[PDB]
Amino acid sequence: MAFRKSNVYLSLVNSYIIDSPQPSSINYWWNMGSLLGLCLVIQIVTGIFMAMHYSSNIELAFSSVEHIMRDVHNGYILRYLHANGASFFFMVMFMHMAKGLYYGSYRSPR
Amino acid sequence: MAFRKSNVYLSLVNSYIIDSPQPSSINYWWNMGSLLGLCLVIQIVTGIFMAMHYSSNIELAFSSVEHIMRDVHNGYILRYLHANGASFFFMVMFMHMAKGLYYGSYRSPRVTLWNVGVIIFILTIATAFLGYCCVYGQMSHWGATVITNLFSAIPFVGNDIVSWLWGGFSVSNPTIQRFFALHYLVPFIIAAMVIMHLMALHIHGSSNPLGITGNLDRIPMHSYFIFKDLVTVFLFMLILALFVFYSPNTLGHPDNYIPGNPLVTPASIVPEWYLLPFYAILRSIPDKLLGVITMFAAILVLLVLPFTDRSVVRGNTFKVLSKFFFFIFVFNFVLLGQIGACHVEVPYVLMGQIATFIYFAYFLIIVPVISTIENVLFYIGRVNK
Amino acid sequence: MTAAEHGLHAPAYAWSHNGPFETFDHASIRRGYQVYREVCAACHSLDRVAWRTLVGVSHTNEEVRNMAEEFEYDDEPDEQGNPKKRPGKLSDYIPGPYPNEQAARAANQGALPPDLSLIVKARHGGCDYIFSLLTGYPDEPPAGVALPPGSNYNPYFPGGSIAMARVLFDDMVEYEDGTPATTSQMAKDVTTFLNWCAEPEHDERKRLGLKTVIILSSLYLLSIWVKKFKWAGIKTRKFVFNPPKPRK
Amino acid sequence: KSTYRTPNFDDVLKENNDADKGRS
Amino acid sequence: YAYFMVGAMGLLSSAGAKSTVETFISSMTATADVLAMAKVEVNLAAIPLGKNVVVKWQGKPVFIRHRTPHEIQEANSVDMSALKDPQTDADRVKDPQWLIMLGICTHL
Amino acid sequence: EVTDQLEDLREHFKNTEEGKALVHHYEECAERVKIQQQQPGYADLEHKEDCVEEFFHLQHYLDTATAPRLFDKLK
Amino acid sequence: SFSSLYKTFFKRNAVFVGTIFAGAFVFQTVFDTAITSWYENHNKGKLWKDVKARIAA
Amino acid sequence: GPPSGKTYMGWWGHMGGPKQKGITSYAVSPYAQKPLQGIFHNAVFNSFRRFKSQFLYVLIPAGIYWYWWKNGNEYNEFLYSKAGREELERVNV
Ligand code: HEM
Ligand code: HEM
Ligand code: HEM
Ligand SMILES: COc1c(O)c(C)c(C/C=C(/C)CC/C=C(\C)CC/C=C(\C)CC/C=C(\C)CC/C=C(\C)CCC=C(C)C)c(O)c1OC
Ligand code: FES
């Protein structure tokens, strides 16, 4: 029996990613939701890399953000990416909900 | 069909807490593993409520610890419980290790489990060092300096990587900032790894103390072993209370309570008690690269234990010589830690070198030859001709 | 390593508050603070604790305000921007006489004097070893040891050399009563005072610990009983193997 | 020894007073 | 043709992944102001003879020991066969009575 | 008008069999050492003896003799 | 007879939990009071309550 | 569901252990017997029997390493005790 379905750590990823019988007529909105999840993960990663260089006081919180946006190698990309990734996350969140309302996903089965 | 086994969010919990046919002859060590899990969860909770009132700058990290000590209502309990629960967590993890090594749970059908576990081990050592740096007392600064500089033994380019991980040419704001952020991050990764640990465990149950098949009879999880966990966790709570109220500053060392000063260092700088065994072997062999590689080699020689224990009879419950050698090895381990704690002088370099030799020797060659002798004796005793 | 650079192990004094139920004898802090302020005035710091915690443990109340009216703490700037100084209150810390760090090495003729606020937590054998060090000094240094001029000897300190000018004499403090003018009294009082200032939380810590120990011991015994109870449903079982008829 | 012959539990069985109060 | 398209996608994706990983990793490197290479001066007029003077510089302590001529004689009389790293006394010194020597243990 | 309590304890236990033995040992060490320095050539002798061992032995004896009987006298 | 006690307390879980909680409340209060009193009188003159009276004159 | 790899332990009913016949079990229920049976007799007697059975396996290693530790401590003490000019030098190198 194939190794793809034997090791549990990989059997799980098989059942959710490698092989999962999606329906034939799927439009782009399910991919919209998957994009949403991936936006979440990139947001988390860049948030961790943000917090490694962020203070936490109240007289030294604004100084921390100006420092991360101006005086660190390749930093402003991080801060704008966190902010606008959050905004896009809310855009896609609302889009995912609107799809759910429209197409009858909220009905009995789920 | 019963609602406990139907809803998915509950069908998951059923198979792991409500219905999991543990073997009949369980003793207190697997209850001790449950104790370890609860120690982890209380550590996480008190850590959240700790970081709720903890600053991060280098100039205002020690002041933050004194502030959590006194200026917060019912807060000293939080800090002492965090520290002493961490130390007790490491001791109980060591005892979990020693149990696993003794009873032969590392036999082949659980090698994935054992590897995942030792990954939790190395991760947890890293977390402890990270937090001890997060305190930034006096000797924690030197410990961070040395352990960061450890990577400079890498051939050719060694200075660039250490300077990258060390946030510059001096211990400063980025250093402690990154250390604290990573410390606050890692235990969730530990949580992910331990949910994997549980996943890998559930495939084939848990080993008997007798080292024999347990598929014959088993008794349900809940209402039997939940109380075996309750009694031991109550013991843990009371002993932790005894160490957190009446005798606070014993397990740790009374040196952290000093402001950081990168100008003077005391002549007595040692790690906390649960890092002495590896520190001893590090200071034992007289080389930089040799020691740096041999620490992770101690971890790897832990790794190599399976497909080396060539006894056809599992476990060390029926091998007098093997269990005697295991006891000589555990007393070896404690001796190694203690000699690491003591200063290095004339009668100690030889002592430590011999200690490391017998340690690694037990991992590599003692187990196979002794095991083979046990197996051949078992065959010869009960055969006529 | 030799004992000379290792320091004599601290003798195990039968201390008053070293007990499972004993509390700080803060009938003695009331004079421990007095002696500390009187003798160690311009030498050490104690710059961590705030006066809003001495009231209710050592002193009554109005005394701390009356003392705080003796120090100034550089209030917020005025309308004209000229900084001013205002008397202290119940939200201020004790000022170590040395301003930042430099006067410390300027005046002591030596190294920095550590902040006593946590000193008796950061030495092995914390509760003692400060009474030991303060009274363990000998009148004449041991014969055969040479020391830098102007320094003083102390057999209890690692290395046996300390810049402590031995100001622990008699007929000096005279607290309010007939009790001082013996060098044991001031040393003992300061020792307890410092052991308190490292954690002005001992009383309630011990009370809570007693409560927890009692509750947990009771719950331990109950749990032992219940485990013996519901486990008995399987521990007492029996098996009677009756082999089947050999038919196949 | 047929299966119906329950082994002697008299060492561990509770005394001849049933258990209508032990639940309490 | 199909495999060429797939390979082109892979090439662009690899370049992009390299760029993104480099960005994230270089985020943690030393910032700008930390690179302030400090410079210090030490007064040698009042230093004691048999004493060690330490000044913090560039994140590391630096000993300054005013070695006695007897110590100079002991140093230059050190056998060269007993040194793991052969380094003569003259090379490391500019003023014979003074040893301006870095204090960090080049061990670890 | 009261002498120091621990000082009196030290004086009292100094006049004891073991106490007198140790103090005599220490003073013999001291006189030998003084004879040693009064000899010439001590500056370049590159090795100097000391009586810190006897001093520490004596101090440890006095401490372990006076420790459990001090605070009772403390007022 | 204990049959009455069983059928009034332990037959019904709602009353059992109610009683356990009420007993917990009263126990917590009385236990705290007793422990505080014992820890107090165990140290005569060591607690500020009597020192504040002694200093007054 | 997605079939998984072979497993050495099934669930209830298909547990996987060898089939057996003629084995008979029993029970007496927790409420019909004293929870604390033996409590002291078994405590003392079984405790001493167990401690007797495995005494040597913990006695011997502890004794060996205690002997090492005592010898090392005593030699270290002798080293730095009026012997730093006649014994310390000849063994430090
Ligand atoms: C947070 C860390 C860990 C948790 C929460 C954990 C949890 C558990 C649990 C619940 C069990 C079931 C039996 C018991 O409770 O002891 C178990 C068993 C086991 N664990 Fe762990 N564990 C952890 C770390 C480790 C590590 C680091 C290793 C090894 C390197 C390890 C090796 C084992 C082994 C071998 C068993 C075997 C049980 C059997 O054979 O009977 N565990 N663990
Ligand atoms: C099992 C995992 C963990 C262990 C073993 C651990 C261990 C430690 C240790 C040993 C210290 C040093 C404290 C001391 O010196 O008193 C410490 C400090 C700290 N830890 Fe953790 N920790 C863990 C997880 C966490 C988590 C999850 C958090 C936050 C959610 C956290 C937050 C802190 C904080 C804030 C400190 C501050 C230092 C202090 O005030 O002394 N820890 N930790
Ligand atoms: C009588 C109450 C005092 C107490 C309890 C006290 C306590 C201490 C302690 C615990 C130390 C550090 C000891 C250690 O490193 O193990 C210390 C060091 C020091 N104290 Fe004090 N001290 C007192 C009075 C004084 C006074 C009056 C002066 C100044 C005249 C002084 C100046 C110093 C100095 C200069 C050091 C450090 C220099 C050295 O290491 O030689 N202290 N003190
Ligand atoms: C394909 O469609 C999808 C899909 O898109 C997703 C997301 C999921 C969901 C699957 C998941 C696994 C969830 C995704 C995970 C998250 C949203 C969060 C978890 C991920 C992380 C936390 C990222 C891990 C990275 C870190 C924790 C930080 C790494 C950086 C470090 C450690 C810095 C190290 C420091 C130094 C100095 C080296 C699906 O099941 C799925 O199929 C329908
Ligand atoms: S010898 Fe100095 S770091 Fe090891």
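Residues numbered from 1 in each chain as written, not as in the entry; some residues may be left out. Chains lettered and ligands numbered in written order. Part of a larger assembly, values for the part shown. Heavy atoms only, no water.

How should I be thinking about the environment of B:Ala241 in this particular structure?
Summarising the element assignment, B:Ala241 is placed in helix α9 (residues 225–246). B:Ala241 sits in the buried class, given a relative accessible area of 7%. Once you skip the residues sitting within four places of it in the chain, B:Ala241 turns out to touch B:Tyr246 and C:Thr212. (Helix = DSSP H or I, 4+ residues; strand = E, 2+ residues; numbered from the N terminus. Buried < 20%, exposed > 50% of the residue type's maximum accessible area, 1.4 Å probe, protein only. Contact = heavy atoms within 4.5 Å.)

Is there a simple way to explain the coordination of the iron atom of ligand 2 in this structure?
Geometry sets the ideal angles at a metal, namely 109.5 degrees for four tetrahedral donors and 90 or 180 degrees for six octahedral donors. Residue and element names in this part refer to chain B. Summarising the metal site, the iron atom of ligand 2 is bound by the protein donors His82 (NE2) and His183 (NE2), whose distances to it range over 2.2 to 2.5 Å. Metal-centred angles of 76 to 174° between the six donor atoms at the iron atom of ligand 2 mark the site as octahedral. Residue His82 is found in helix α4 (residues 76–103), and its partner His183 is found in helix α8 (residues 173–202); the two are separated by 101 residues along the sequence. For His82, a relative accessible area of 26% gives the class partly exposed. (Donors = N, O, S within 2.8 Å, 3.2 Å for Na, K, Ca; no water. Tetrahedral: all angles 85-135°; square planar, octahedral: opposite > 155°, others 65-115°.)

Even after reading the chapter, I still don't get the site of ligand 4, so can you show me in this structure?
For ligand 4, the full set of nearby residues is A:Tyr16, A:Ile17, A:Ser34, A:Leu40, A:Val41, A:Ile48, A:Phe49, B:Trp164, B:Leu165 and E:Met28. This site is not confined to one chain, since residues near ligand 4 come from chains A, B and E. For ligand 4, whose accessible area on its own is 1,000 Å², the fraction buried by protein is 46%. Only α1 (8–18) and α2 (28–51) of chain A together with α7 (159–165) of chain B provide two or more residues apiece to the shell around ligand 4. (Near = heavy atom within 4 Å. Areas by Shrake-Rupley, 256 points an atom, 1.4 Å probe, with all protein chains shown as cover.)

Help me out: how do you make sense of the UniProt feature "disulfide bond" in chain F in this one?
Residue and element names in this part refer to chain F. For the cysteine pair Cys29 and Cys51, annotated in UniProt as disulfide-linked, the sulfur atoms lie 2.0 Å apart, consistent with the bond being present. Placement of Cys29 in helix α2 (residues 17–38) and of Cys51 in the loop between α2 and α3 (52–66) is noted, with a sequence separation of 22 residues between them. Each of the two residues, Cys29 as well as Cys51, counts as buried. (Disulfide = S-S within 2.5 Å. UniProt positions renumbered as here; feature names shortened; annotations may be inferred.)

Explain the pattern of salt bridges to me, please; I cannot follow it from the model alone.
A side chain with one charge may pair with a side chain of the opposite charge, provided their charged atoms come close. Inspection of the entire model under this criterion finds 23 salt bridges over all chains. Put simply, B:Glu66 and B:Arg70 hold a salt bridge, and the shortest N to O gap is 3.4 Å. The residue F:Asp63 makes a salt bridge to F:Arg10 at a minimum N-O spacing of 3.1 Å. Linking F:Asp63 in helix α3 with F:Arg10 in helix α1 (residues 5–14), this pair joins segments that are 53 residues apart in sequence. You'll find F:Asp63 and F:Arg10 in the same group, each marked buried. (Salt bridge = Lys/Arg side-chain N within 4 Å of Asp/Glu carboxyl O.)

In this structure, what is going on with the site of ligand 3? I would like to understand it.
As a matter of local geometry, ligand 3 sits amid 18 residues, with C:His44, C:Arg123, C:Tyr129, C:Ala163 and C:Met164 nearest to it. Class assignment for the residues of the shell around ligand 3 results in 15 nonpolar, two polar and one charged. (Nonpolar A, V, L, I, M, F, W, Y, C, P; charged D, E, K, R; others polar.)

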